[PDB]
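Colleague: Any chance you can model this:
(chains A, B and C, ligands or ions: 1)
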Amino acid sequence: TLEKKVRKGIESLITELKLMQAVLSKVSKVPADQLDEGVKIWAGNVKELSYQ
Amino acid sequence: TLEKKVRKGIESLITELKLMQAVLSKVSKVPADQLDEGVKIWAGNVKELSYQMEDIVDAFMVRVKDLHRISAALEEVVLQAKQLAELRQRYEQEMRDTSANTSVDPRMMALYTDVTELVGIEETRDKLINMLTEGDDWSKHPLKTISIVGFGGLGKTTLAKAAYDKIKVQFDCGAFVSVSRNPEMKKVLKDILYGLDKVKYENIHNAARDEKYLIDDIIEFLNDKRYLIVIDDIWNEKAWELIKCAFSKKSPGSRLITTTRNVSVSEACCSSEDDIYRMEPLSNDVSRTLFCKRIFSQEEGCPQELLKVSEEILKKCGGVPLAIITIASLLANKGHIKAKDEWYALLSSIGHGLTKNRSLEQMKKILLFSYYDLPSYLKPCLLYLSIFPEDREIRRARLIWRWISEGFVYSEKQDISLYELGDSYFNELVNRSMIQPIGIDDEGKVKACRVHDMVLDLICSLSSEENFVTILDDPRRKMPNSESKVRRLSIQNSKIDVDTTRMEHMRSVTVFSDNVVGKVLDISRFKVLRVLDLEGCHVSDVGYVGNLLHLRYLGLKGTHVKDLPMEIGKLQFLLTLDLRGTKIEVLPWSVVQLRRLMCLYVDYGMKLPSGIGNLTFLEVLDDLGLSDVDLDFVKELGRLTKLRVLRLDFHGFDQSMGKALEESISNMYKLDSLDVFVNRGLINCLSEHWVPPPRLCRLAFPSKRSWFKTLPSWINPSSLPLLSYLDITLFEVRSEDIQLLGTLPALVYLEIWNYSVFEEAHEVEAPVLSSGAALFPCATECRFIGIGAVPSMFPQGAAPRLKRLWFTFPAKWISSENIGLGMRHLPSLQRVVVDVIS
Amino acid sequence: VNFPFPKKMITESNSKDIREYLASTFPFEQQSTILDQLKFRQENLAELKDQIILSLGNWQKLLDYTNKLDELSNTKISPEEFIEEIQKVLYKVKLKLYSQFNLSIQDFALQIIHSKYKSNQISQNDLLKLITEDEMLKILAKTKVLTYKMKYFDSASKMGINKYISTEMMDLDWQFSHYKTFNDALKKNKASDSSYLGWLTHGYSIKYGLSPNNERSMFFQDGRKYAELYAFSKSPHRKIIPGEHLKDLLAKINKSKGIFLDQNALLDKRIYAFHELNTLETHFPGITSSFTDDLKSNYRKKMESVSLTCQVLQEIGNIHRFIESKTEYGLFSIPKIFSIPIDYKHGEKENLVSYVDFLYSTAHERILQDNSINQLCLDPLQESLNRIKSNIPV
Ligand SMILES: Nc1ncnc2c1ncn2[C@@H]1O[C@H](COP(=O)(O)OP(=O)(O)OP(=O)(O)O)[C@@H](O)[C@H]1O
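Modeller: Numbers count the residues shown, from 1 in each chain, chains lettered A, B, ... in the order given. The relevant structure is shown in the block below.
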């Protein structure tokens, strides 16, 4: 019942992860000179969310 | 009211489908290397949601209590669609500076390989040379093309270049030009021009004139010369017909070569089968020599203990001069880096997990080229081959019925009976050089099919990364990390892990030559089930199907079934029903309750209840037992006019009932084949005054003890000019019957039995082909029983195509002059052993 | 008892030593030897209604046709009407105790024709013109096996010879002594029909439990099988390059040939595979002519060696059925007046126990030995030899 909702949210969270490591792997390829700072700040924040 | 909301949501759902298969079809076109991983993950989730919504729509369509369940399911599915919508938006970027260079051709380096490396290429290069250079002498013969079809990497460009490197000094021009999957025509024509002269056309790739003026230029440059152009890797012939107009002028002494992976485009060339050049896998000895050329230094007997391993592994490749190259280069980094244990690991790996390795994926691209060139509505058909075990022949009828039952075949033309559509799918798979066909069944078509091993494991993996199938194999012994999302299950030799806990939505299930069925596995727990396949099992308990409603295919060939439940009428949706080789001998009355079928492979021993005429949609019926039948039941058979194939045997109605059914046959007009079995009697069924169905191709007769009095009058070149099969037996024989039969157009297969010769005291006479000259344009298979067919019915210009001929020859004609043979006829008419009679 | 091999010799001036008694004694008059009267059934024709009248209360048609058969047994009728007279019941009856009397109705009626044929009362051509009829073929192929199983199987099972019942080796029985004409004359006149009727006969034998099995018979009970069987019977070049529905038959032939050539596997299924295989070549010569495989397995001699074993056991069982009777002769086989009492006969000591030694010496003189053959020939022969030397004195 209650655990069912949590466990049905977990796999959605796992997919969210997979997309985030996709994005972070994409961004980290380019050197940190052609990268605009807004994207850098956004990347840092999504990395922190990834840890959480 | 309540149902109104559900039905008004269903059309929104089906539109959602249409868009989702649109997107999935779009994405799957590109190879999975330029595809970014985020889009890949999104696409996978799209596919899973697609399965869920298809499930909901099928459930609703089958059903119409249930309304509330359908409502909740559809709402929640909408919720996951909505949630998944913005996950793609939330984490996505652009990266304008992401311009990674396009990948190079994986099979270009193979073009640059040492000449003194290929073995066994001989005695095929020479044969292809002299199958076209024989007309090079008297270099005035009209131009012609010679295509080269084949599959995978059996070696086409190699042999084409080999022929391209020997005979050139006797030519004025020439060009070796390749074409990709999606060519640019101007690029191709620039390629051709640069291949002729590099001086005047050095920067020919720069100018962008148009598709037309450069064609005019190439046409102009090709006057009063012999060119001998070769063009390779042409797919989708629509491209080719552009080039052929560039060669539209008379030019004696020139010829051209083509290669492709589709035979269905080479017949568009050269206008004749003698110019089609098939290429074959290498022989076992040549393959062994090539295999040992790489790994072993110069000698082979030093191991003397892994030899059997060598033959066993080399058998997997068969004859492919690319697979064995790959394995030899993989197997030895430096002088037998491995020995006899990891070799067994490698052998076990193929079939389930060999492909995922290093320096091996560079060749799997060449194989997946063909798979990617497939249009849609055909990827599922090719991927469906992973269900069946590694080395087992697959009857094509089973494949077609499985596809139709699954739901991979559909259209909106209404001019197609939906079975020949699946047959067309099968033929398209075959002509793409992707499946090997074998034999000819009783349908007049191909019997069964087989799959190459290293394509089988490859498609197994390709279907494995998604949930298209699931295999339980001892060498593999793997299960997906999610029991819930399983749709197709293909059980094999493994008989240990037969868990069935968490597959509620089990689309299809099959078992192959296993006794583990029943005692461990339960099917009734599957709330839904599209098709069921259990041929070869040893269980007779199938009476729980009443709990199953979505079933379409029901295969029970050789199952030791004693009886089937009376409650089968609940299966309104059903397409096939095979019961051959079963112990049951009577069918329940609750079959008239059924509404939809196309095939019924029933045993003539079993009893067919009255009311058979209600199955209007029925399209093929096999082995019907006609004994102790009343007139109305026989007359019912004329009502349902949808048959293409019918097989009849009988023992107990040789009366005017035969004539009653005799005209009832003519009510149908879609027939393709027919055959009648009866024991040692005169045929008291067919009259001489009865119009036959306009379409007939096979018209067989299995019995040899029975006979006709004479050749029926209604057999004529006028009616039914579609026959490719004869199979007749009759009491007498006439030298005019052969003359009559020599007027029908095709008659590919010929087989005639003279009953009186082998039953009564009679002499085999010599019938005379009096009228006409040839009377047999294309009759490859001709069989005469008890009838004297000397080679001198006519000169060689009578039957151009005749591989086989059978007849009887008296010994008293040895001293005669009517056996005047000694010359070679047009077809391969040199292998014959005539039955001689003293 | 582990009786050894009775090493003897049947030579000149020794065949007539026992056969002279055998040429006139009650047995062996309707049989033969591997070493190479109308009152008897008239009395049964008289006793044809022993127990029918006891329970006539359903059970009236039995006696109704019984007196008709008794009438036709002794009345003299021209051949062109006698067949019509006798077929009036043959084409009439359709189908526990009832069938028992029903089989005797059919079995005794047909024996009349042969009795009149051996007297030259019925013309040979007249018999030929009717035997080719299809229905009586399946009538005889059914009544023969039914009559054998109803009487002889009960005593054969106890002796342990039930597993070695050969359908093709059935005409040598003294009771079924009228089938030599039906076989040889038909073969001489219509050779194909002999193989056809044998093929039909073995199909019921499989179905009625003479050679039972839990798996289907892919060679019988289907007309399309005989289609190819007769198709190759007239062409000498059809096995080299076969057609469809012919590779499958060859596969099932060679799969069972490999089963027979095996040693470790179960024996009863090998016995089963023996019967249909042996039926196949005799009726259809040159059907399993695997010219390569047979030579490197001695298959051609092995089949004959294992065939002679059943022939020996048939006569051994006949001797066993004779010793205790002196009803194991079978119901309705020997009438009460012509029965055999319990007293021991003096001629038995000189023509039976000695003849057993001759039989076993003839059995053990030219049969090859193999680990597969030993389980098929040596073991049953030794078991029979042990059993035959523990009951003669008693
Ligand atoms: N005799 C041979 N010895 C060694 N390798 C051979 C031989 N014949 C062919 N090959 C190998 O087969 C491959 C040639 O492929 P092929 O000629 O079929 O190419 P293609 O026509 O461009 O396309 P595809 O491979 O898709 O048919 C190369 O890997 C080549 O090394």
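Colleague: how many other residues sit next to the closest residue in space to residue C:308 that isn't next to it in sequence?
Modeller: For residue C:308, the nearest residue in space outside its immediate sequence neighbours is residue C:367; the separation is 6.4 Å by C-beta to C-beta, 6 or more residues apart in numbering or on different chains. Backbone N, C-alpha and C define where each C-beta goes, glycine included. As a burial measure, residue C:367 scores 19 neighbours (other C-beta atoms under 10 Å in any protein chain shown).
Colleague: where's residue C:367, which helix or strand?
Modeller: Remark: residue C:367 resides in no helix or strand, with elements defined by DSSP states H and E.
Colleague: quick one: it and residue B:490, what's the gap?
Modeller: Separation of residue C:367 from residue B:490 (C-beta to C-beta, to the nearest Å) stands at 51 Å.
Colleague: go on, residue C:96?
Modeller: Distance from residue C:96 to residue B:490, counting by C-beta to C-beta: 50 Å.
Colleague: Neighbour count: the two, which is higher?
Modeller: When residue C:96 and residue B:490 are compared on other C-beta under 10 Å, the one with more neighbours turns out to be residue B:490, at 20 against 4.
Colleague: helix, strand or coil for the more buried one?
Modeller: Taken by DSSP: H, G, I helix; E, B strand; the rest coil, the conformation at residue B:490 corresponds to strand.
Colleague: now do residue C:82
Modeller: If you use three-state DSSP, then residue C:82 falls in the helix class.
Colleague: how many other residues sit next to it?
Modeller: 19.
Colleague: just to revisit the earlier point, I'd guessed the residue nearest to residue C:308 sits against residue C:307; true?
Modeller: No. Counting by C-beta atoms under 8 Å, residue C:367 stays clear of residue C:307, with 10.1 Å between them.
Colleague: Can you tell me the closest non-neighbouring residue to residue 19?
Modeller: Went with chain A since none was named. Taking C-beta to C-beta, 6+ apart as the measure, residue A:19 lies nearest to residue B:91, with 4.6 Å between them; neighbours along the chain are not counted.
Colleague: that's the other chain; I wanted chain C
Modeller: Leaving aside its sequence neighbours, residue C:19 sits nearest to residue C:33 (C-beta to C-beta, 6+ apart; 6.7 Å).
Colleague: so the nearest residue to residue C:174 once chain neighbours are set aside, which of the three states?
Modeller: For residue C:174, the nearest residue in space outside its immediate sequence neighbours is residue C:30; the separation is 3.9 Å by C-beta to C-beta, 6+ apart. Using three-state DSSP as the criterion, the local structure at residue C:30 reads coil.
Colleague: how close does residue C:30 sit to residue C:116?
Modeller: With the distance defined as C-beta to C-beta, residue C:30 ends up 18 Å from residue C:116.
Colleague: Specify the local secondary structure of the residue positioned nearest the centre of chain C.
Modeller: Centroid check for chain C by C-alpha atoms, centre = their mean gives residue C:170 as the closest residue, at 1.1 Å. At residue C:170, secondary structure determined by three-state DSSP is coil.
Colleague: which residues does residue C:293 contact?
Modeller: Remark: with contacts taken as C-beta atoms under 8 Å, 6 or more residues apart in numbering or on different chains, residue C:293 is in contact with C:257, C:299.
Colleague: Residue C:354 against residue C:18, yeah?
Modeller: Yes. Using C-beta under 8 Å as the test, residue C:354 is close enough to residue C:18 to be in contact (6.8 Å).
Colleague: returning to that earlier point: got the phi and psi for the residue nearest to residue C:174?
Modeller: Geometry field for residue C:30 lists phi and psi as phi -110, psi 20, criterion degrees, to the nearest 10.
Colleague: Count residues in the vicinity of it, would you?
Modeller: Neighbours of residue C:30 using other C-beta under 10 Å come to 15.
Colleague: What of the one 10 residues further on?
Modeller: By the other C-beta under 10 Å criterion, the neighbourhood of residue C:40 contains 13 residues.
Colleague: Provide the secondary structure category for it.
Modeller: Taken by three-state DSSP, the conformation at residue C:40 corresponds to helix.
Colleague: Next one: residue C:234 relative to chain B, how far apart?
Modeller: 5 Å (C-beta to the nearest C-beta, to the nearest Å).
Colleague: my read: that residue touches residue B:759, true?
Modeller: No. Applying C-beta under 8 Å, one finds residue C:234 not in contact with residue B:759, separated by 9.7 Å.
Colleague: Geometrically speaking, which residue is the centre of chain A?
Modeller: residue A:20 (2.8 Å).
Colleague: Roughly how far does that one sit from residue A:42?
Modeller: Applying C-beta to C-beta, the value for residue A:20 to residue A:42 is 12 Å.
Colleague: Flag every buried residue along stretch C:204-216.
Modeller: Residues of stretch C:204-216 classed as buried by neighbour count (16 or more other C-beta atoms under 10 Å in any protein chain shown): C:204, C:205, C:206, C:210, C:211.
Colleague: what about that stretch, start to end distance?
Modeller: Using C-alpha to C-alpha, to the nearest Å, one end of stretch C:204-216 lies 13 Å from the other.
Colleague: who touches it?
Modeller: By C-beta under 8 Å, 6+ apart, the surrounding residues in contact with stretch C:204-216 are B:581, B:583, C:141-142, C:145-146, C:149, C:165, C:167, C:217, C:220-221, C:269, C:271-272, C:275-276.
Colleague: ok, the residue nearest to residue C:308 to residue B:640 distance?
Modeller: Distance check for residue C:367 against residue B:640: by C-beta to C-beta, it reads 63 Å.
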